[PDB]
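Asker: this one is an experimental structure. Sequence first:
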Amino acid sequence: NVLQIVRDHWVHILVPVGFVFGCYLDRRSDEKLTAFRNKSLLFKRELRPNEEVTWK
Amino acid sequence: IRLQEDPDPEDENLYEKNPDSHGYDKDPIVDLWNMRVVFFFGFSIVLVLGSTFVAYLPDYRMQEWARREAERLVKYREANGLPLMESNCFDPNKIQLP
Amino acid sequence: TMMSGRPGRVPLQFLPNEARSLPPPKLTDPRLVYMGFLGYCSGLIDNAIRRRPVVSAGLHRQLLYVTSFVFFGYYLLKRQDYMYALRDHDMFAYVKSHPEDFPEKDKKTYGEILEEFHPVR
Amino acid sequence: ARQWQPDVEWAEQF
Amino acid sequence: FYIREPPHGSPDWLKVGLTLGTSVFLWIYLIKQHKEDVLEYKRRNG
Amino acid sequence: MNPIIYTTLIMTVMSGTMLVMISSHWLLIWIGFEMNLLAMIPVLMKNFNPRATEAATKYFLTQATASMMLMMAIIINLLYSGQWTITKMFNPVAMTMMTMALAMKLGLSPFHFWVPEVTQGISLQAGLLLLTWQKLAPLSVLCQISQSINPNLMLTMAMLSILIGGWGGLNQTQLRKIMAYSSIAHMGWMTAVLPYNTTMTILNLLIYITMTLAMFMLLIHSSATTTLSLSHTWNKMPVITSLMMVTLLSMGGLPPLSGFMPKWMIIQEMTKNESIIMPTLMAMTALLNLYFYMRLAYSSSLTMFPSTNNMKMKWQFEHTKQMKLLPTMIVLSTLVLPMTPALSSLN
Amino acid sequence: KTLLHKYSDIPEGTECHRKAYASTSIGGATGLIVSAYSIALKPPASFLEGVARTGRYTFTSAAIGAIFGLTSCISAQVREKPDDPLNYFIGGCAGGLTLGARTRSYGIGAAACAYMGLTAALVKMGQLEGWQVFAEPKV
Amino acid sequence: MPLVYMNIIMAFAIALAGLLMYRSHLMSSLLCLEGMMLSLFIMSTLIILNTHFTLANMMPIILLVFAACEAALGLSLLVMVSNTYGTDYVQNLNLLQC
Amino acid sequence: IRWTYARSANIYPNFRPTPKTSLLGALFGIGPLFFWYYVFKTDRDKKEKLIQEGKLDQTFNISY
Amino acid sequence: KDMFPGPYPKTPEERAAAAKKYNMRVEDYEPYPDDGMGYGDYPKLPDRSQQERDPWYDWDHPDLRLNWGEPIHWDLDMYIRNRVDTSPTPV
Amino acid sequence: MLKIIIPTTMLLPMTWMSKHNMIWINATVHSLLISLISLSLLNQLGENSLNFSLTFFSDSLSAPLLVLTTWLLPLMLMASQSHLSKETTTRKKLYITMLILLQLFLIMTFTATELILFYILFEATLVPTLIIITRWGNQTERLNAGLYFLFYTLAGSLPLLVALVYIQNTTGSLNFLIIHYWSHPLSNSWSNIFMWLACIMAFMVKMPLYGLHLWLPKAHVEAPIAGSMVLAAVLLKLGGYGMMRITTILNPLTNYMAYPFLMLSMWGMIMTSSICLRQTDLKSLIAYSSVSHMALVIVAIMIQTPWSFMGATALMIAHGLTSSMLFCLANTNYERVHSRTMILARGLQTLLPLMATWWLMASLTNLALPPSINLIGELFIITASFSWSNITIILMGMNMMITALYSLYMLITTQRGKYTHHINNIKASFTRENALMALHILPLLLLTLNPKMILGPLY
Amino acid sequence: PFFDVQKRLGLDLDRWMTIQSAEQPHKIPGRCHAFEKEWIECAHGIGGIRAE
Amino acid sequence: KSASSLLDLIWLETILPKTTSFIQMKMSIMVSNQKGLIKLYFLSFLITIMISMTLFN
Amino acid sequence: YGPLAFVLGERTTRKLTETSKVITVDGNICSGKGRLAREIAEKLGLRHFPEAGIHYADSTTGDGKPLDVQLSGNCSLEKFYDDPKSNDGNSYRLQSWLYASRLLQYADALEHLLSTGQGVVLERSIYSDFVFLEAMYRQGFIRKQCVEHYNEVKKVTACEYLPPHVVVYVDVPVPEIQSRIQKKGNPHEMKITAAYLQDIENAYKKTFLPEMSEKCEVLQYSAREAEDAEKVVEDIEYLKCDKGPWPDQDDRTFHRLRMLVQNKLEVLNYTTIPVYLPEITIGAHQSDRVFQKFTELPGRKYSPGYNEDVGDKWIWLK
Amino acid sequence: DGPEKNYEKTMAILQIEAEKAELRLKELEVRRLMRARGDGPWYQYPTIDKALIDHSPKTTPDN
């Protein structure tokens, strides 16, 4: 009866998918604002070995 | 003055048709599942879990950090004889008065 | 008024050849997605007005709505970006051409400046 | 009871 | 069911075809235009 | 009226407006106005009623006076400059006369008295043409001559139009008269920004045209000319009255609906020019328009007015004619606010 | 515009008679304009009726202007503060009281005092701060 | 400006005032419309002849072409008004209000 | 129902601006406002005067 | 619905109608003075605290000592048994 | 912030495409989950706000309000289930969509970085509220109440819009960060005085201020239960948040301009609580109580001191919860007896004891029994006012006494005395109603344990 | 909204009669041809504001 | 007597809402004169033209 | 049909022939008009529309089967016969619903005539419906305000449509009609008073017959003469009504009429005029309930052709 | 995440918004100056084209 269950209760996937999409879009926005990733006068450090970004 | 239906009597008590109404609907099954949904996702999930999550939320407010810095500064300034709190927030030399 | 009398403006031209120098609007632009959303809403409202099933009937009609809205919105966004770029270019050119009207100002540190204090008592 | 709805008098007012 | 035949009745296969074709042409034209514009921007701005 | 003749008359109206918006010679612009009047008059009388004839006569008299004043202004500008080109007008008296004539054509107060009467007289479709298309030509002419326009006269006319449009609508239970007074108020809003920035006037005109198109098409679909006839609509076509409520809220200017953006941008441009008192008064006076919009909404959709027994007959049938552009007009009239920065296209 | 110039040229708080006269003239002009519009839109039954209506409106407006200017300039002199908007507020409330008296209604008088005084104080504030009711297009 | 221009502008102003002040008849107002058109024709003709604007000597003719069109429209309306009310009186155009 | 309506709804329709109504409204509406304005303004001005004169004790008043 | 309180009665017919509306005797019925306070039609019932009314009598509302249909004092909430009391004092 | 916004948007298609039986269940589940997601925002760096993107940011002020909104939506759904049972499926879905749109607009208001976007959405909140009041109200006065609410708010807001545009033209940006960092002081000029009035008056209308509060009693009495819940809990606090944000621009002129509003609020709290003493309608009593508490918050904001701001935030949250619960309690009795008159239903404690317990706790929080967050906020406001002027304590204490009096008076009249004999429709309280009261109460008592969450950024 | 269709399509619909110094039949000169020609040549491409 | 009635339900309402509503109603009655006579409002056009010529040059 | 069709050159005049002839057979209750109308329609090759009833619309819409009284009509003729003076207002509701039904039937009839060119035989019409209303008003069954509302509706609506070319009145004396009603045996019909039938005949002969005779010729027949259907058909075929509206009408008027009658809602637009008479005004709650019940009817939820319940298919592409 | 991320993002947002504020102020001043003087690309109202003039020999020499 799985077809019946999914056919009439698929709406429960929209909102959790919405949360995942929100996380993805927020990470994309974070990508956009990477100008001063490590160029501050406070948290500016030399990249530790095997690191390319401080994710800031 | 108009042909209008008689005002409906006070909405039939959900207790009459199903004594264990729980409210939330007329059909008992949706009643039970609505109450289970409400009780679980509010009390069990949001109230309990979120209360713990807030309770153990990381001190990003830097309260402990502020206390540690205060302890270090107090120890150093008392050791060196410097006054505990300087009256000037910023160094006078850098400021150029008119 | 304003940009209407810009020299070299070919009348009744939606996108001048200069605009091609600007980046095209990305097909995933949020504005274009919003245009498609408007088209989808138009399809839903058409179905509701004609008393058709709101979300299922006329899938071809809804598709045409969305396609038309997105297609027009693409050129709309391209022209919008062109006009804003033209404004910026003209502004910078005028600023360069009239240095006196836009003089560089001496910068001072806050220590140098004096700003009066108003106590909140 | 039930939500009030405009009667003849209220409707005639407009 | 209805005494009189439904006005739309059987799907207007001509109309459906025209709508689908117009939509598809619109999308294809848009995609080609986007590609051309990307190429032109990269060319003119290096 | 034979449909071929009706199409020819409508095309003549549109061709007159196109000549107005296309010609660089004043004589031809006046000719376009004359063609607009000549073609429009029978269109207003497509359905022959004594009210239709009265409305046509009033409109003809008003537009004829406006055209005569316009031609006198053109002649004076010719006398003092020798130029036929639509450009800066070189005589202040000619400028004032031309402004009065164009305001009378637009229905700007204190030349507003004919708009409610003509709109009530003519049918809903003729009203749509009158309140949407006819506004295009005089507004185009004013935009072309905006620099010569004395800001004081235009601003006074705009403020008076807003005030009178707000006031008149409160007292009206006839849908067409309500629409006419709303048109007067929005014309005042558009002409307010004319001295400052014409693109804002164009944007307001487009938004107003979409909203009025949607409202008139909804009224035609509901076949209601009075508040009660519209109140009966909830029993038959609830979707229509719901969309009417949304469009009314947009016309009031409520955020986030599309009706907010023209007012917002107009206030912005006026403030940039240090006009602060005038935008404030205009925005506050828009509340009267908002009020009678809300009263119409209460009558139509938010509250369920009594129906009649014979409506059960209309339930069985369905609407025969479909207005294709109505859904898109509703969507544009209500949900285009997130897309204002595209106001640089008409720029 | 000449009448407005006459009212403006007189320094505030000086030559109270001349200021009152200029305000009376401004009120008379506004009353005549309102009378003409009323006669046009609402026709009078007789020429004498039209004259009576015109005189009533013009005298009401002239009295309002005269009281406003008289009271405002007197208050400016006595208080010896020329630029204070409160003088204009007092003048406006006095004009509103005169409007109520001519209309023989207390509520009209009180509402007119409040609104007209607020508007008069606003006008004085605009004079002081350079507010522009109509701004030349500068963009 | 010579005095003839003053006279013709005065004639247009007088005709305009007459049009704006109806008395009873619509035909008198339509007469004022035609009269204003005459003033405009005379003014335009004088300007064009004095300035030797050869290519504008047709503008007075087009003005009159549309003057007669407007007159014809006015009469075509006046006949219908008379049919519906029995007179050309302006006071009968009262059904539409505000 | 009559009691509730008379206590809530019927008041304004059966109200007339009269000298008693107007005077009592003026008094009990604005008079207290001006009285508190006077009291608090005088107090605040006295405090500010003492502060400017340096004649006020705030030795440990560090939490405002 | 005439049941709702109306304006201040000015004619004897108005007074009689009001008295019948408030289910009071016409002679007993006495509307508040029309001084613009807003009372209007409502009657000036005696300012007797509900304590004073005889407890022993069977009241439709025992706790309030009030019967159904009886006109309700304008300030009844003030003169409830739990609030301001006007019962006679020995001194 | 899209982690909250996008699921909230997706609530609309889920509600529209859900089966007629499952609309309430699905809405409640997913709204509660959205609130659980929103709980993450409470973690705020002390020095700086959480700047998620250009458009959206959160601080220790916005986060409690967002959590309150996200928590409030499921509570509104539970409360509104009962009286909307008879409604058709389309109408119920429309009601739910109005609620969801309101929550979305409120979230975007509290998180917006730009004052003009804040204004756009803060005015956008009117449309769903107006539709709710005027379409699902149960009295003929709903139309008048909606008109009053809409026109008061708009008359306040339009000058704010003009002033915000003028600020954009002068300073160059309306982003709150830039405004805070540059924040040049104002001068005491009539133009600046009127700019101050324009900025302040919209929020002073939203926060019911004495003389501008007339819309609130009509709206709250005439609205359905859910609409009353949002109006009491969040829509008033919209004004408080706006005033706290906007006070940065008007630094010096606040001292001169506060006295009219300060005195109006300080006297109005006493007046409104005295009105509460003599109200004949329970909903009206709660509305005037809200007016008094909001007047306290107005005083705290106008004083512009750190303790005042902390107390203002605490009072905002605590009052929102208390007023929402009180409206729910009154609505239960209204559904049972179909009248809002306080005297009609009496002695309900014998009939409904657990509801009586809920009433007791709600009133105790309303009268600010310690250590309730209500008392924390009120006490901080009182101490700030005392530092502002020692004479404020007289008015503040009088207001506290009257609040206690009217709260316990409502409790005594409704829940004590002999039961009304003729009323026979009182039935055992449903598990939904008790669950709603508990969902109101338990968060409020819990927030006392960790008060730094609702003490605002200045903590 | 002056859509300069004449300039776009190169059509001289009405610009021939716009000025008195334009070409006229049999080259009949205007009474103020010289002054008008000078004024136009001065005010060409400098904009109306400068030209004033 | 004062707080519930004389202020809230009477005087504040009379001051802000009711007086403004009444004024707008009176102006609406004035503007919507419901006369609509060509002779009447065309005279207003003449008056407006004369006034505009005088004031705005 | 549409403006496009007229432009394409569709002309109603060309299609209309001698067969085109709106014939209305009118008479008092149980006058045998139906038999003669059916016979005339058979012999002259013209469409025969049975007399419009309460559920005429139900027959012309959807399945065709009559709907429930609450959903369609909310009136009972049997109730009128048993309780003519009921406080429910059933009398005027019935009369107004019958007038609307006859308006729809006349529109449908005209549409058939214009679309096919075939004449239509109607049993009574909107022009004759006022007879029953006048009889009710004379007997006191309905108020004066009901009569005024009916007059307003008729004045607004009936003017648009063209009156019939031939009016056939079958006259049967009232006492013989009472005998016929007794013989038929319908229990409710037996209660009809003699005065009501007499007022029907009075309204007919005094008002409807002269008013129709002004426009065209009226063929008045007795019961025996009406039985000879062929003679009546011959008389109709030899009628020459040169005077009247139909000769005056041209292609333009026919196009306007063709458009009006095609839009049934436009035909019934003014039957719902907002005059709040107690008899015909339906309260908001009852109106909403009845509209919901009508919506729940099979095949009525959506526009025809889109109701999946009654077996419509391909909705996604329709 | 670490406080550094929010630190840097606030820095970047602050820069972008400050640049936008300065640019808006500059645009207002530029529009004002161009509208006042007419010496820039904006606010160039049309003037008569000199191409229309006919320079061919006329009927009379003194032209």
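Answerer: Sure thing, it's come through. Numbering: from 1, shown residues only, chains lettered A, B, ... in the order given.

Asker: for the rest of this, base every contact and every neighbour count on C-alpha atoms.
Answerer: OK.

Asker: sticking with the residue lying closest to residue N:150 once chain neighbours are set aside, tell me its helix or strand.
Answerer: Spatial nearest neighbour of residue N:150, chain neighbours left out: residue N:96 (7.0 Å); criterion: C-alpha to C-alpha, 6 or more residues apart in numbering or on different chains. Assigning secondary structure by DSSP states H and E places residue N:96 in helix N:90-116.

Asker: ok, now residue H:32?
Answerer: Going by DSSP H and E, residue H:32 is part of helix H:26-51.

Asker: before we move on, what about residue N:255?
Answerer: Per DSSP H and E, residue N:255 falls inside helix N:251-262.

Asker: over to residue L:3?
Answerer: Residue L:3 belongs to no helix or strand when assigned by DSSP H and E.

Asker: in the helix holding residue N:96, which residues are buried?
Answerer: If you call a residue buried by 16 or more other C-alpha atoms under 10 Å in any protein chain shown, then helix N:90-116 has these buried ones: N:90-114.

Asker: got the angle between that helix and helix N:251-262?
Answerer: Orientation of helix N:90-116 against helix N:251-262 (axes from the mean of the first three to the mean of the last three C-alpha atoms, to 10 degrees) gives an angle of 130 degrees.

Asker: name the helices or strands packed onto helix N:90-116?
Answerer: Applying 3 or more C-alpha pairs under 8 Å, 6 or more residues apart in numbering or on different chains; DSSP states H and E, we find helix N:90-116 packed against helix N:12-15, helix N:56-60, helix N:77-82, strand N:120-123, helix N:144-158, helix N:251-262, helix N:264-267.

Asker: what's the fifth one packed up against?
Answerer: Going back to what we said before, that points to helix N:144-158. Packed against helix N:144-158 by the contact rule (3+ C-alpha pairs under 8 Å, 6+ apart) you find helix N:90-116, helix N:130-139.

Asker: now with 6 Å?
Answerer: If contacts are counted by 3 or more C-alpha pairs under 6 Å, 6 or more residues apart in numbering or on different chains; DSSP states H and E, helix N:144-158 sits against no helix or strand.

Asker: how about the residue sitting nearest the centre point of chain H, nearest residue that isn't a chain neighbour?
Answerer: Against the mean C-alpha coordinate of chain H, by C-alpha atoms, centre = their mean, the closest residue is residue H:33 at 1.9 Å. In this structure, residue H:33 finds its nearest non-sequential neighbour in residue H:19, 6.8 Å apart by C-alpha to C-alpha, 6+ apart.

Asker: which of the helices or strands spans the one you found?
Answerer: Using DSSP H and E, residue H:19 falls in helix H:3-20.

Asker: kindly calculate the angle that that helix makes with helix H:26-51.
Answerer: 160 degrees.

Asker: biggest helix in the chain by residues?
Answerer: No chain specified, so I'll use chain A. Looking across chain A with DSSP state H, the single longest helix is helix A:14-32.

Asker: please refer instead to chain K.
Answerer: The longest helix of chain K (DSSP H) is helix K:306-337.

Asker: who are the packing partners of that helix?
Answerer: helix K:282-303, helix K:373-388.

Asker: wait, which of the ones you listed is closest to chain J?
Answerer: For those, proximity to chain J was assessed by C-alpha to the nearest C-alpha; helix K:282-303 is nearest, at 13.3 Å.

Asker: burial measure for the residue of chain K found nearest chain C, as a count.
Answerer: The nearest approach of chain K to chain C comes at residue K:252, 6.2 Å away (C-alpha to the nearest C-alpha). Per other C-alpha atoms under 10 Å in any protein chain shown, the neighbour tally for residue K:252 reads 19.

Asker: is chain F within reach of the helix holding residue N:255?
Answerer: No. Using C-alpha under 6 Å from any C-alpha of the partner chain, helix N:251-262 stays clear of chain F, coming no nearer than 6.5 Å.

Asker: who's in contact with that helix?
Answerer: N:13, N:107, N:111 (C-alpha atoms under 6 Å, 6 or more residues apart in numbering or on different chains).

Asker: make TSV out of those and add distance to residue J:29.
Answerer: Below are the contacts of helix N:251-262 laid out as TSV (distance: C-alpha to C-alpha, whole Å):
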residue	distance to residue J:29
N:13	80
N:107	65
N:111	70
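
Asker: let me know the closest of those residues to chain K.
Answerer: Relative to chain K, the closest of the contacts of helix N:251-262 is residue N:107; by C-alpha to the nearest C-alpha it sits at 35.3 Å.

Asker: what's the burial count for the closest residue to that closest one other than its chain neighbours?
Answerer: Spatially, and ignoring its direct neighbours in sequence, residue N:107 is nearest to residue N:261 (5.0 Å; C-alpha to C-alpha, 6+ apart). If you count neighbours by other C-alpha under 10 Å, residue N:261 ends up with 24.

Asker: what distance do you get for residue N:261 to chain M?
Answerer: 36 Å (C-alpha to the nearest C-alpha, to the nearest Å).

Asker: same thing with residue N:77?
Answerer: Distance, residue N:77 to chain M, by C-alpha to the nearest C-alpha: 46 Å.

Asker: what helix or strand is residue K:147 located in?
Answerer: If you go by DSSP H and E, residue K:147 is part of helix K:142-170.

Asker: residues from chain L in reach of chain H?
Answerer: Checking chain L against chain H by C-alpha under 6 Å from any C-alpha, the hits are L:20, L:30-31.

Asker: the strands in chain B, which residues?
Answerer: For chain B, strands defined by DSSP state E do not occur.

Asker: next, count neighbours for the residue in it that chain D sits nearest to.
Answerer: Minimum separation of chain B from chain D (C-alpha to the nearest C-alpha) falls at residue B:10, amounting to 6.1 Å. The local packing of residue B:10 (other C-alpha under 10 Å) involves 13 other residues.

Asker: swap in residue N:58?
Answerer: Neighbour count of residue N:58, defined by other C-alpha under 10 Å: 21.

Asker: is it correct that it is in contact with residue N:64?
Answerer: Yes. Contact criterion C-alpha atoms under 6 Å: residue N:58 and residue N:64 qualify, at 5.4 Å.

Asker: which one's the longest helix in chain B?
Answerer: The longest helix of chain B (DSSP H) is helix B:63-80.

Asker: kindly reformat the residues of chain L next to chain H as CSV containing secondary structure, distance to residue K:38 and neighbour count.
Answerer: Shown next, in CSV, are the residues of chain L next to chain H (DSSP: H, G, I helix; E, B strand; the rest coil; distance: C-alpha to C-alpha, whole Å; neighbours: other C-alpha atoms under 10 Å in any protein chain shown):
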residue, secondary structure, distance to residue K:38, neighbour count
L:20, coil, 75, 28
L:30, coil, 81, 26
L:31, coil, 82, 18
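
Asker: and which of the residues you listed is nearest to residue H:98?
Answerer: Checking the residues of chain L next to chain H against residue H:98 by C-alpha to C-alpha gives residue L:20 as the nearest, at 47.0 Å.

Asker: what about the strands in chain G?
Answerer: Using DSSP E, strands in chain G do not occur.

Asker: nearest to chain A: which residue in it?
Answerer: Nearest to chain A in chain G, going by C-alpha to the nearest C-alpha, is residue G:139, at a distance of 33.6 Å.

Asker: got phi/psi on the spatially most central residue of chain L?
Answerer: By C-alpha atoms, centre = their mean, chain L has its centre lying nearest to residue L:19, at 4.8 Å. The phi/psi pair for residue L:19 (degrees, to the nearest 10) reads phi -120, psi 160.

Asker: distance of it relative to chain D?
Answerer: The gap separating residue L:19 from chain D is 59 Å, by C-alpha to the nearest C-alpha.

Asker: and for that residue, nearest residue in space, chain neighbours not counted?
Answerer: Distances taken as C-alpha to C-alpha, 6+ apart place residue F:83 nearest to residue L:19, at 5.9 Å, with adjacent residues excluded.

Asker: on that earlier part again, do the helix holding residue K:147 and chain O meet?
Answerer: No. Applying C-alpha under 6 Å from any C-alpha, one finds helix K:142-170 separated from chain O by no less than 7.0 Å.
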